[PDB]
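Asks: I have a structure here, written as structure tokens, and I will follow up with some questions on it.
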Amino acid sequence: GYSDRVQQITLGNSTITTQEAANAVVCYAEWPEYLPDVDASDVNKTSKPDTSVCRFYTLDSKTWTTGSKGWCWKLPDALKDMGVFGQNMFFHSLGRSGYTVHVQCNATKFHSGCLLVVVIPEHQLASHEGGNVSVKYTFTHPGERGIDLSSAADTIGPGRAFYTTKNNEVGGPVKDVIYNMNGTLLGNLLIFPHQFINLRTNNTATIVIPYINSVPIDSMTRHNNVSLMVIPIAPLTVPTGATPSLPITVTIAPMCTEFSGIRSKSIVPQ
Amino acid sequence: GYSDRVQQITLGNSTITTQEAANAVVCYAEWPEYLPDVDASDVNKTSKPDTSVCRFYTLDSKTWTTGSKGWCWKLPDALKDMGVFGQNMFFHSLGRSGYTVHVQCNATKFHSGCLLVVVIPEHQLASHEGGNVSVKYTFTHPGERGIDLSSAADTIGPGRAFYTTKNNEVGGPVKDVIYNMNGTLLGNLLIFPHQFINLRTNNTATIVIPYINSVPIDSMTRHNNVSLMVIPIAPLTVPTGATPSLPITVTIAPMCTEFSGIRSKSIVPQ
Amino acid sequence: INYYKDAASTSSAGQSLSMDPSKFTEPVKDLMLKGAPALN
Amino acid sequence: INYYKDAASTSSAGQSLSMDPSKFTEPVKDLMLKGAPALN
Amino acid sequence: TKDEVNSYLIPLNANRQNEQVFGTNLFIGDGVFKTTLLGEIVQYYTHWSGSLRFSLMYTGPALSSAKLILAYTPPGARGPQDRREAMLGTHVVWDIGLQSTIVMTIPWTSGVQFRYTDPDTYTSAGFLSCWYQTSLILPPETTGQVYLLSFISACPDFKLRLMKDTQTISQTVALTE
Amino acid sequence: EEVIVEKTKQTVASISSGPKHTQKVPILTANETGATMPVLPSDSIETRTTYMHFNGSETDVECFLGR
Amino acid sequence: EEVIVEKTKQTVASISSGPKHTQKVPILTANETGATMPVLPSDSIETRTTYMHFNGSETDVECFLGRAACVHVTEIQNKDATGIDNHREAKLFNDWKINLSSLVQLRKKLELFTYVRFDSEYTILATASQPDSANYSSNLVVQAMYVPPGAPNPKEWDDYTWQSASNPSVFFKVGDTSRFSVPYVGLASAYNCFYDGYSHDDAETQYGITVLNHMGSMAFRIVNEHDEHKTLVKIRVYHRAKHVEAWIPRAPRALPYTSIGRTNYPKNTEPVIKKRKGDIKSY
Ligand SMILES: CCCCCCCCCCCCC/C=C/[C@@H](O)[C@@H](N)CO
């Protein structure tokens, strides 16, 4: 009867449906949960909005062409302007959350291509200028549009639409895909929670992320706990006559969200 | 030991202290509470932010002069731009809440004056043009600044600073204090939950308001459940040499707040 | 046996013996059995 | 265990565990309760 | 320009509405705290944690009145520029009366469970500010400024770690008889 | 914020304290008495439960003057 | 290849497995799920029974990060202090901003994980030499003082700061060695090897693990006064982790490092993957 390909996820007033899934990854076999008293430090009663923030938010879609190199989003940064979650993020000095990420990309049984969907905890990026330069806030907190690696990649060496937000401007991150933007190799990214969207097999990837950090709760605007990466390993191959592109959509839903230290809105650069 | 003059109210991360109180009124002897299943209609799981919204918010202070006629605030309108409460108000189509209102005004044992602090449920205002004219949204939803009755009053007949927001402009409410802006008499306002700030006795008034409505939950941007009114009955009399004015401060705290029907931000006139 | 007041002074802790790779090798939601078809 | 005749030779004494700030924070004659009015 | 008793006196002006009374960041190892008993002992340690006790005592005439709002602003947003901004964080509305002192608490609000005592750090516990909630009203035959006295102490939850030398004492030559 | 609980011989740093509306006002006092009232955060804001996980051994006078 | 059998408390490496012809196919799977099925040799070939005779103790994180590694090499001098306006630039004393990222060997091992919690065992070795004219070699004593953040920094080699009334310090002979333990001293529950966050000073924006790495410094000096000759003293600091706990394994470093704290690599760097002499079919 039931299969691992057909799944339904319901969070708040939103529901995700999939008929071509490949099971679902729960990071380190840990489901998200609220902060227990035994691990708490901050004495303030936390705020748990529940269904008003723990729901699915769909980001802007991306276009996967043969020249694509990859995309990168940072959480909770990617959701900073998303409904009540974003608002709570700016009014509180502290917060913690888990997530359920859902990456979508459908095609036909004539298409070829493979996407690596990986979640990297504490993904500290390298600077484009190299040596002893630090990445400026703007580039390290790109928002819902994320970072397009195709602006200056490693694999075939291209410069798609940009080089960065405007162009190669002081403080941008090194966009070499093969080096994971941090001096390690792409092939080893599999040590982190991941799934593949192999067009011949599945059309979605689902990863549930618990709160991962060395502190019980943390500043949400100054720290990005995880980084979501979508990278084309096997290039996109469309059938004869078809458009050489395919859309990719990302939908994220915060889970077990807690907020603390409420004051006025946060002052961030840009 | 303890007295009715000294009280402390703690909501969320805010605390109110008073040493010159006159007990506290709990509207119709009913403390605020969450909506029980037996009275519910809307099937959506409601969101209860708790401490992030159920806290004290202080509005802009008013100046009580000898020519003052009164002030009027509408809830939840008065808190529409207040922190996380305001945000939730705009993102949800439904919501319900109780309140604890705290009106402040200190002087010396040489001063005279008396303020009536009253909470009026469903305070439907009358139009300035009279006859068959309706009050325009802007004037009926004044925000945290409230409505100054001294712009065109009943008692001694003055025109303090304005006539309305800009001036007597099509759609303004009739500002006759003696007629409660609705064709009834001021002296009968005591049938509604109230307290007096008699300068010789007390310097604060406290009223706790439960959710009052004929529906279990309602639209917060299109409906004002209660109206808070501060009216000088016995005029302000300052001692020889002193400034003929006194500040009045209003602090309101939402209680047992629930939100439902979350979508994008509401579109309201102005 | 006992001549140090602080625990940081002691030597190595020794082997854990509780090494389970599951959380890394099989962090999937639905139980995947070896031998059964990966996706039904 | 025991190789010194004088007590001055031994190491540190260790924590007291009986730390009560009362004699410094509340050295008042009449009992002052938190919550009750400081002066009646 | 020099150390004086006036350094401890917070001025309070009559008949002013929304204005600020005072403000300060919460670097307990520097600023106005450096020379207090708490600040002095805290400087002998590298890490700190716990809640602070901030007290305010009114010293004006018995026949005067006032209402102030004390606010604690956690880090992330700068110091409050107006009462509306301050009122959004942790605060206490103080009514001056028979009981002369208000004891506001600065609750431990932090993600990491310990903070550095070092003032040369990027961020502290946050900000502290005081505003006229109503205004100071002086009785007849009285004029001028009245003063507030501020106090600081640690709550029972306070923690201190890693002993270090303090930068509040030094010498160039050994002292002689 | 009281001092004793059963689990692991743990001392509580702060107790769970909700909204208040009382005539018992712990945050008002008189410093002219020369006393410092033991006011905790649960006396002025809503708090959750936390544990000390700390004995305060490094601030003992033995350690302070013991190097 | 299951894990338990009775004889000698022996774990079996492989079980006896014969021919197969089934509908249960363990060697077929779907890697898109993100899982690695525990396929053993008995799932694809006929196997005999063998025992492990192995516990895997040397690969325990305690052992892996549990040996001393050089984390710093500094240099101080003993010479005439007269006329010198900067004792630190003259090397009469020197301070080391404590971190385990300066020397690459240990750095790469630590960076295999995201969070690590452990106690530290330090060993400091001091050696001397006299590059110029000397009639003899002098015995010297070195003082290593820990200056936590917030504590006054030494400005001169004979400052008042060297009294070390509260700062912990060690005194030992040059040619000899120093050793002490340090309990886990992080503010958080574990140290961060990486940090995807920044800080604000109203002046400059700092990004990365540098934001959290705010340990103190180690000030070194020769206690003795000067002799007729100049003495060069090299100081080597070694670190050994004890009672180790590690979290979130990572992709190992592939490219050379450029600076402390940053994950930057040099531009115009050589390829890290070996290129074949022949083609993809070569052996
Ligand atoms: C007598 C002198 C006493 C000196 C005691 C202070 C030494 C402090 C030792 C802490 C060691 C640094 C721990 C941080 C490790 C991280 O750098 C790595 N996980 C990442 O590279």
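Chain labels run A, B, ... following the order of the structure tokens; each chain numbers its residues from 1, and ligands are numbered from 1 in the order shown.
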Once you count only C-alpha atoms and all ligand atoms, which residues end up within 6 Å of ligand 1, and could you hand them over as a list in words?
Replies: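 Protein and nucleic-acid residues within 6 Å of ligand 1: residues 99, 100, 101, 107, 110, 116, 145, 146, 168, 169, 170, 182, 191, 192 and 193 of chain G.
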Asks: Go ahead and align chain D to chain C (same sequence, so just pair every C-alpha in order, least squares) and export the moved chain as a PDB file with N, CA and C atoms, in the first residue's frame.
Replies:
```
ATOM      1  N   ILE D   1      46.160   6.519  43.328  1.00  0.00           N
ATOM      2  CA  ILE D   1      44.672   6.406  43.305  1.00  0.00           C
ATOM      3  C   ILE D   1      43.992   7.777  43.344  1.00  0.00           C
ATOM      4  N   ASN D   2      44.287   8.560  44.383  1.00  0.00           N
ATOM      5  CA  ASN D   2      43.678   9.887  44.540  1.00  0.00           C
ATOM      6  C   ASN D   2      44.664  10.911  45.135  1.00  0.00           C
ATOM      7  N   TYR D   3      45.207  11.778  44.279  1.00  0.00           N
ATOM      8  CA  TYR D   3      46.117  12.840  44.730  1.00  0.00           C
ATOM      9  C   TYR D   3      45.904  14.172  43.999  1.00  0.00           C
ATOM     10  N   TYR D   4      44.771  14.292  43.305  1.00  0.00           N
ATOM     11  CA  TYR D   4      44.430  15.519  42.572  1.00  0.00           C
ATOM     12  C   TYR D   4      42.985  15.950  42.842  1.00  0.00           C
ATOM     13  N   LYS D   5      42.803  17.229  43.167  1.00  0.00           N
ATOM     14  CA  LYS D   5      41.475  17.765  43.495  1.00  0.00           C
ATOM     15  C   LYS D   5      40.605  18.098  42.268  1.00  0.00           C
ATOM     16  N   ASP D   6      41.245  18.496  41.170  1.00  0.00           N
ATOM     17  CA  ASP D   6      40.520  18.849  39.945  1.00  0.00           C
ATOM     18  C   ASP D   6      40.488  17.681  38.951  1.00  0.00           C
ATOM     19  N   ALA D   7      39.338  17.480  38.316  1.00  0.00           N
ATOM     20  CA  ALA D   7      39.165  16.388  37.356  1.00  0.00           C
ATOM     21  C   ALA D   7      39.960  16.609  36.064  1.00  0.00           C
ATOM     22  N   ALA D   8      40.286  17.860  35.772  1.00  0.00           N
ATOM     23  CA  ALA D   8      41.036  18.184  34.568  1.00  0.00           C
ATOM     24  C   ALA D   8      42.468  17.644  34.632  1.00  0.00           C
ATOM     25  N   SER D   9      42.914  17.303  35.837  1.00  0.00           N
ATOM     26  CA  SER D   9      44.276  16.810  36.053  1.00  0.00           C
ATOM     27  C   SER D   9      44.473  15.350  35.681  1.00  0.00           C
ATOM     28  N   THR D  10      43.395  14.582  35.696  1.00  0.00           N
ATOM     29  CA  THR D  10      43.468  13.154  35.390  1.00  0.00           C
ATOM     30  C   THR D  10      43.893  12.864  33.945  1.00  0.00           C
ATOM     31  N   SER D  11      44.323  11.627  33.702  1.00  0.00           N
ATOM     32  CA  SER D  11      44.749  11.207  32.370  1.00  0.00           C
ATOM     33  C   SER D  11      43.556  10.914  31.440  1.00  0.00           C
ATOM     34  N   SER D  12      43.830  10.262  30.312  1.00  0.00           N
ATOM     35  CA  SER D  12      42.802   9.952  29.305  1.00  0.00           C
ATOM     36  C   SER D  12      41.579   9.226  29.848  1.00  0.00           C
ATOM     37  N   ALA D  13      40.460   9.393  29.153  1.00  0.00           N
ATOM     38  CA  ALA D  13      39.188   8.809  29.565  1.00  0.00           C
ATOM     39  C   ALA D  13      39.012   7.321  29.190  1.00  0.00           C
ATOM     40  N   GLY D  14      39.648   6.891  28.110  1.00  0.00           N
ATOM     41  CA  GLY D  14      39.495   5.506  27.680  1.00  0.00           C
ATOM     42  C   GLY D  14      38.413   5.363  26.609  1.00  0.00           C
ATOM     43  N   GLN D  15      38.351   4.190  25.973  1.00  0.00           N
ATOM     44  CA  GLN D  15      37.403   3.954  24.875  1.00  0.00           C
ATOM     45  C   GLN D  15      35.928   4.036  25.285  1.00  0.00           C
ATOM     46  N   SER D  16      35.090   4.481  24.351  1.00  0.00           N
ATOM     47  CA  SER D  16      33.656   4.641  24.593  1.00  0.00           C
ATOM     48  C   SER D  16      32.899   3.317  24.534  1.00  0.00           C
ATOM     49  N   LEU D  17      33.273   2.458  23.588  1.00  0.00           N
ATOM     50  CA  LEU D  17      32.633   1.139  23.436  1.00  0.00           C
ATOM     51  C   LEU D  17      31.174   1.203  22.924  1.00  0.00           C
ATOM     52  N   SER D  18      30.611   2.407  22.856  1.00  0.00           N
ATOM     53  CA  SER D  18      29.227   2.582  22.390  1.00  0.00           C
ATOM     54  C   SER D  18      29.170   3.274  21.021  1.00  0.00           C
ATOM     55  N   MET D  19      29.999   2.815  20.091  1.00  0.00           N
ATOM     56  CA  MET D  19      30.059   3.412  18.761  1.00  0.00           C
ATOM     57  C   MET D  19      28.966   2.915  17.795  1.00  0.00           C
ATOM     58  N   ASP D  20      27.992   3.782  17.524  1.00  0.00           N
ATOM     59  CA  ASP D  20      26.902   3.467  16.598  1.00  0.00           C
ATOM     60  C   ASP D  20      26.863   4.494  15.462  1.00  0.00           C
ATOM     61  N   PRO D  21      27.215   4.069  14.243  1.00  0.00           N
ATOM     62  CA  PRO D  21      27.236   4.948  13.069  1.00  0.00           C
ATOM     63  C   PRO D  21      25.848   5.319  12.510  1.00  0.00           C
ATOM     64  N   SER D  22      24.801   4.697  13.048  1.00  0.00           N
ATOM     65  CA  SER D  22      23.428   4.896  12.562  1.00  0.00           C
ATOM     66  C   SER D  22      23.028   6.338  12.293  1.00  0.00           C
ATOM     67  N   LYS D  23      23.312   7.225  13.236  1.00  0.00           N
ATOM     68  CA  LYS D  23      22.930   8.622  13.086  1.00  0.00           C
ATOM     69  C   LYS D  23      23.603   9.313  11.899  1.00  0.00           C
ATOM     70  N   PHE D  24      24.620   8.676  11.332  1.00  0.00           N
ATOM     71  CA  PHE D  24      25.310   9.238  10.176  1.00  0.00           C
ATOM     72  C   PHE D  24      25.002   8.447   8.911  1.00  0.00           C
ATOM     73  N   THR D  25      24.985   7.129   9.034  1.00  0.00           N
ATOM     74  CA  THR D  25      24.763   6.257   7.885  1.00  0.00           C
ATOM     75  C   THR D  25      23.289   6.072   7.503  1.00  0.00           C
ATOM     76  N   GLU D  26      22.403   6.094   8.491  1.00  0.00           N
ATOM     77  CA  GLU D  26      20.977   5.897   8.229  1.00  0.00           C
ATOM     78  C   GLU D  26      20.092   6.915   8.955  1.00  0.00           C
ATOM     79  N   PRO D  27      20.310   8.215   8.708  1.00  0.00           N
ATOM     80  CA  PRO D  27      19.490   9.233   9.376  1.00  0.00           C
ATOM     81  C   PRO D  27      18.155   9.465   8.647  1.00  0.00           C
ATOM     82  N   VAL D  28      17.527   8.386   8.197  1.00  0.00           N
ATOM     83  CA  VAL D  28      16.263   8.490   7.471  1.00  0.00           C
ATOM     84  C   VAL D  28      15.052   8.376   8.379  1.00  0.00           C
ATOM     85  N   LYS D  29      13.965   9.025   7.988  1.00  0.00           N
ATOM     86  CA  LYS D  29      12.745   9.013   8.777  1.00  0.00           C
ATOM     87  C   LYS D  29      12.071   7.646   8.767  1.00  0.00           C
ATOM     88  N   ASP D  30      11.825   7.115   7.575  1.00  0.00           N
ATOM     89  CA  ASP D  30      11.190   5.804   7.439  1.00  0.00           C
ATOM     90  C   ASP D  30      12.253   4.701   7.458  1.00  0.00           C
ATOM     91  N   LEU D  31      12.010   3.674   8.260  1.00  0.00           N
ATOM     92  CA  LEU D  31      12.949   2.558   8.413  1.00  0.00           C
ATOM     93  C   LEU D  31      13.307   1.903   7.078  1.00  0.00           C
ATOM     94  N   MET D  32      14.596   1.885   6.756  1.00  0.00           N
ATOM     95  CA  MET D  32      15.079   1.250   5.527  1.00  0.00           C
ATOM     96  C   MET D  32      15.763  -0.061   5.872  1.00  0.00           C
ATOM     97  N   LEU D  33      15.159  -1.163   5.462  1.00  0.00           N
ATOM     98  CA  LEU D  33      15.708  -2.485   5.729  1.00  0.00           C
ATOM     99  C   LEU D  33      16.614  -2.945   4.597  1.00  0.00           C
ATOM    100  N   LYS D  34      17.734  -3.554   4.951  1.00  0.00           N
ATOM    101  CA  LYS D  34      18.643  -4.105   3.954  1.00  0.00           C
ATOM    102  C   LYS D  34      17.973  -5.353   3.361  1.00  0.00           C
ATOM    103  N   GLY D  35      17.845  -5.391   2.043  1.00  0.00           N
ATOM    104  CA  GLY D  35      17.190  -6.519   1.418  1.00  0.00           C
ATOM    105  C   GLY D  35      15.845  -6.131   0.851  1.00  0.00           C
ATOM    106  N   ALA D  36      15.158  -5.233   1.542  1.00  0.00           N
ATOM    107  CA  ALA D  36      13.882  -4.727   1.065  1.00  0.00           C
ATOM    108  C   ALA D  36      14.147  -3.652   0.022  1.00  0.00           C
ATOM    109  N   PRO D  37      13.207  -3.438  -0.906  1.00  0.00           N
ATOM    110  CA  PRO D  37      13.395  -2.396  -1.932  1.00  0.00           C
ATOM    111  C   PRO D  37      13.514  -1.016  -1.277  1.00  0.00           C
ATOM    112  N   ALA D  38      14.542  -0.263  -1.664  1.00  0.00           N
ATOM    113  CA  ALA D  38      14.808   1.061  -1.082  1.00  0.00           C
ATOM    114  C   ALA D  38      13.575   1.955  -1.072  1.00  0.00           C
ATOM    115  N   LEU D  39      12.925   2.064  -2.220  1.00  0.00           N
ATOM    116  CA  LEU D  39      11.703   2.848  -2.344  1.00  0.00           C
ATOM    117  C   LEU D  39      10.618   1.950  -2.929  1.00  0.00           C
ATOM    118  N   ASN D  40       9.515   1.790  -2.206  1.00  0.00           N
ATOM    119  CA  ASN D  40       8.413   0.950  -2.686  1.00  0.00           C
ATOM    120  C   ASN D  40       7.733   1.574  -3.902  1.00  0.00           C
TER     121      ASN D  40
END
```
Asks: Output as a PyMOL selection string all residues of stretch 1-116 of chain E that backbone DSSP marks as strand (DSSP E).
Replies: chain E and resi 9-12+20-25+45-49+52-58+67-73+90-95+101-106+115-116
Asks: Could you save the residues just selected, with C-alpha atoms, as an mmCIF file, in the first residue's frame?
Replies:
```cif
data_model
loop_
_atom_site.group_PDB
_atom_site.id
_atom_site.type_symbol
_atom_site.label_atom_id
_atom_site.label_comp_id
_atom_site.auth_asym_id
_atom_site.auth_seq_id
_atom_site.Cartn_x
_atom_site.Cartn_y
_atom_site.Cartn_z
ATOM 1 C CA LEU E 9 23.835 62.340 41.976
ATOM 2 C CA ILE E 10 21.442 61.788 39.076
ATOM 3 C CA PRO E 11 19.653 65.115 38.371
ATOM 4 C CA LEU E 12 15.870 65.160 38.086
ATOM 5 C CA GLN E 20 15.519 60.801 29.265
ATOM 6 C CA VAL E 21 16.919 60.943 32.788
ATOM 7 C CA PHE E 22 20.052 58.880 32.217
ATOM 8 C CA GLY E 23 21.507 56.130 30.092
ATOM 9 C CA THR E 24 24.392 53.712 30.081
ATOM 10 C CA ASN E 25 25.667 50.585 28.407
ATOM 11 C CA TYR E 45 37.511 37.326 37.245
ATOM 12 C CA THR E 46 37.372 36.643 33.498
ATOM 13 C CA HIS E 47 33.821 35.247 33.102
ATOM 14 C CA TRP E 48 30.532 36.330 34.603
ATOM 15 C CA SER E 49 26.931 35.212 34.569
ATOM 16 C CA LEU E 52 22.074 42.191 38.346
ATOM 17 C CA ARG E 53 20.130 44.216 40.862
ATOM 18 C CA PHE E 54 19.714 47.867 39.967
ATOM 19 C CA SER E 55 18.234 50.165 42.611
ATOM 20 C CA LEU E 56 17.147 53.783 42.544
ATOM 21 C CA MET E 57 16.432 55.945 45.630
ATOM 22 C CA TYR E 58 14.533 59.262 45.444
ATOM 23 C CA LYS E 67 6.710 58.491 37.850
ATOM 24 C CA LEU E 68 9.723 57.120 36.017
ATOM 25 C CA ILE E 69 10.228 54.232 33.672
ATOM 26 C CA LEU E 70 13.452 52.192 34.021
ATOM 27 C CA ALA E 71 14.337 50.125 30.960
ATOM 28 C CA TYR E 72 16.765 47.314 30.267
ATOM 29 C CA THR E 73 17.506 46.768 26.571
ATOM 30 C CA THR E 90 12.311 44.912 29.960
ATOM 31 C CA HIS E 91 11.056 47.735 32.123
ATOM 32 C CA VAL E 92 9.570 48.902 35.392
ATOM 33 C CA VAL E 93 7.268 51.863 35.919
ATOM 34 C CA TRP E 94 8.201 53.419 39.240
ATOM 35 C CA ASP E 95 5.776 55.524 41.267
ATOM 36 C CA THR E 101 13.501 52.878 46.567
ATOM 37 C CA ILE E 102 12.695 50.858 43.460
ATOM 38 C CA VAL E 103 14.636 47.700 42.738
ATOM 39 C CA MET E 104 14.714 46.851 39.063
ATOM 40 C CA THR E 105 16.389 43.629 38.073
ATOM 41 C CA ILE E 106 18.562 43.063 35.014
ATOM 42 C CA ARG E 115 30.052 36.457 29.272
ATOM 43 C CA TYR E 116 33.464 38.079 29.351
#
```
Asks: Might you pull out every residue within 6 Å of residue G:147, with only C-alpha atoms counted and same-chain residues fewer than 4 positions away left off, and present them as a ChimeraX atom specification?
Replies: /G:151,216-218
Asks: Write out the residues from the selection above, keeping N, CA, C and O atoms, as a tab-separated table (two decimals), in the first residue's frame.
Replies:
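Written file, selection37.tsv:
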```tsv
chain	number	residue	atom	x	y	z
G	151	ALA	N	42.81	41.43	31.80
G	151	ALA	CA	43.96	41.61	32.68
G	151	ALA	C	44.97	42.54	32.01
G	151	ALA	O	45.07	42.58	30.80
G	216	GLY	N	42.93	34.32	26.37
G	216	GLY	CA	43.85	35.38	26.69
G	216	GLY	C	45.11	35.34	25.85
G	216	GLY	O	45.11	34.92	24.69
G	217	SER	N	46.21	35.71	26.48
G	217	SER	CA	47.51	35.68	25.86
G	217	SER	C	48.45	35.02	26.83
G	217	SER	O	48.16	34.89	28.02
G	218	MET	N	49.58	34.56	26.32
G	218	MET	CA	50.60	34.00	27.16
G	218	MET	C	51.82	34.89	27.05
G	218	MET	O	52.35	35.09	25.96
```
Asks: Going by DSSP on the backbone, which bits of stretch 108-252 of chain A are alpha helix (DSSP H)? Write them as a list in words, please.
Replies: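 So the alpha helix (DSSP H) residues in stretch 108-252 of chain A would be residues 137, 138, 139 and 140 of chain A.
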Asks: Those residues you just picked out, can you put them in a file as a compact mmCIF listing (two decimals), in the first residue's frame with N, CA and C atoms?
Replies:
```txt
# COMPACT_ATOMS: atom_id res chain seq x y z
N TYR A 137 28.88 41.57 5.98
CA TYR A 137 27.50 41.15 6.33
C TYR A 137 26.56 40.93 5.14
N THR A 138 26.48 41.92 4.25
CA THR A 138 25.58 41.85 3.09
C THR A 138 25.70 40.53 2.34
N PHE A 139 26.92 40.13 2.04
CA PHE A 139 27.15 38.93 1.26
C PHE A 139 26.96 37.64 2.04
N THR A 140 27.17 37.70 3.35
CA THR A 140 27.02 36.52 4.20
C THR A 140 25.57 36.34 4.69
```
Asks: Can you pull out every residue within 12 Å of residue B:41, counting only C-alpha atoms, but drop anything in the same chain fewer than 5 positions away, and send it as a ChimeraX atom specification?
Replies: /B:35-36,46,94,215-218,260
Asks: Go ahead and save the picked residues with N, CA and C atoms, as a PDB file, in the first residue's frame.
Replies:
```
ATOM      1  N   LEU B  35     -10.311  31.325  24.763  1.00  0.00           N
ATOM      2  CA  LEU B  35     -11.557  30.831  24.196  1.00  0.00           C
ATOM      3  C   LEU B  35     -11.687  29.318  24.369  1.00  0.00           C
ATOM      4  N   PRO B  36     -12.710  28.862  25.119  1.00  0.00           N
ATOM      5  CA  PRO B  36     -12.906  27.420  25.327  1.00  0.00           C
ATOM      6  C   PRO B  36     -13.446  26.729  24.069  1.00  0.00           C
ATOM      7  N   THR B  46      -5.417  28.234  17.080  1.00  0.00           N
ATOM      8  CA  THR B  46      -5.029  29.625  17.312  1.00  0.00           C
ATOM      9  C   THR B  46      -3.596  29.744  17.794  1.00  0.00           C
ATOM     10  N   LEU B  94      -8.196  37.197  12.186  1.00  0.00           N
ATOM     11  CA  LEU B  94      -8.962  37.080  13.417  1.00  0.00           C
ATOM     12  C   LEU B  94      -8.078  37.209  14.656  1.00  0.00           C
ATOM     13  N   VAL B 215     -19.410  37.500  19.444  1.00  0.00           N
ATOM     14  CA  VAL B 215     -18.797  36.436  18.665  1.00  0.00           C
ATOM     15  C   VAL B 215     -17.567  35.960  19.427  1.00  0.00           C
ATOM     16  N   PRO B 216     -17.209  34.674  19.289  1.00  0.00           N
ATOM     17  CA  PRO B 216     -16.050  34.090  19.983  1.00  0.00           C
ATOM     18  C   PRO B 216     -14.706  34.742  19.635  1.00  0.00           C
ATOM     19  N   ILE B 217     -14.549  35.151  18.385  1.00  0.00           N
ATOM     20  CA  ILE B 217     -13.310  35.775  17.925  1.00  0.00           C
ATOM     21  C   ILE B 217     -13.710  36.757  16.815  1.00  0.00           C
ATOM     22  N   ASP B 218     -12.882  37.739  16.525  1.00  0.00           N
ATOM     23  CA  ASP B 218     -13.289  38.752  15.558  1.00  0.00           C
ATOM     24  C   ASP B 218     -12.134  39.423  14.833  1.00  0.00           C
ATOM     25  N   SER B 260      -5.703  34.111  14.884  1.00  0.00           N
ATOM     26  CA  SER B 260      -6.116  33.046  13.988  1.00  0.00           C
ATOM     27  C   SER B 260      -6.300  33.564  12.555  1.00  0.00           C
TER      28      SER B 260
END
```
Asks: Compute the set of chain G residues within 9 Å of chain F, using only C-alpha atoms, and express it as a PyMOL selection string.
Replies: chain G and resi 165-168
Asks: Residues of chain A were defined as contacting chain C if any atom lay at most 6 Å from it, counting only C-alpha atoms; please report them as number ranges by chain.
Replies: A: 3-4, 24-26, 28-29
Asks: Please report as a PDB file with C-alpha atoms, in the first residue's frame which residues of chain F come no farther than 8 Å from chain E, using only C-alpha atoms.
Replies:
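Generated output (part.pdb):
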```
ATOM      1  CA  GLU F   1      14.984  31.869  42.267  1.00  0.00           C
ATOM      2  CA  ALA F  13      18.891  29.653  39.474  1.00  0.00           C
ATOM      3  CA  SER F  14      15.372  30.829  38.678  1.00  0.00           C
ATOM      4  CA  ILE F  27      10.424  45.597  44.082  1.00  0.00           C
ATOM      5  CA  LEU F  28       9.613  48.539  46.369  1.00  0.00           C
ATOM      6  CA  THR F  29      11.694  49.060  49.486  1.00  0.00           C
ATOM      7  CA  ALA F  30      13.653  51.559  51.564  1.00  0.00           C
ATOM      8  CA  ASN F  31      17.428  51.671  51.158  1.00  0.00           C
ATOM      9  CA  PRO F  38      17.187  39.787  48.032  1.00  0.00           C
ATOM     10  CA  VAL F  39      15.100  40.700  44.973  1.00  0.00           C
ATOM     11  CA  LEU F  40      15.251  38.064  42.211  1.00  0.00           C
ATOM     12  CA  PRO F  41      14.241  38.343  38.536  1.00  0.00           C
ATOM     13  CA  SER F  44       9.840  41.739  38.332  1.00  0.00           C
ATOM     14  CA  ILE F  45       9.456  39.670  35.150  1.00  0.00           C
ATOM     15  CA  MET F  52      22.767  26.854  38.707  1.00  0.00           C
ATOM     16  CA  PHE F  54      27.611  26.106  39.852  1.00  0.00           C
ATOM     17  CA  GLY F  56      31.031  29.175  43.489  1.00  0.00           C
ATOM     18  CA  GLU F  58      36.582  29.878  42.729  1.00  0.00           C
ATOM     19  CA  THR F  59      35.274  32.859  44.721  1.00  0.00           C
ATOM     20  CA  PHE F  64      41.036  34.139  46.176  1.00  0.00           C
TER      21      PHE F  64
END
```
Asks: Quick one: which residues from chain E are at most 8 Å off chain A, using only C-alpha atoms, as a ChimeraX atom specification?
Replies: /E:73-78,85-86,88-90,107-113
Asks: For chain G against chain C, which residues fall within 9 Å using only C-alpha atoms, given as a count of residues only?
Replies: 38
Asks: Give as number ranges by chain every residue of chain A that touches chain B within 7 Å, counting only C-alpha atoms.
Replies: A: 47-52, 84, 88, 262
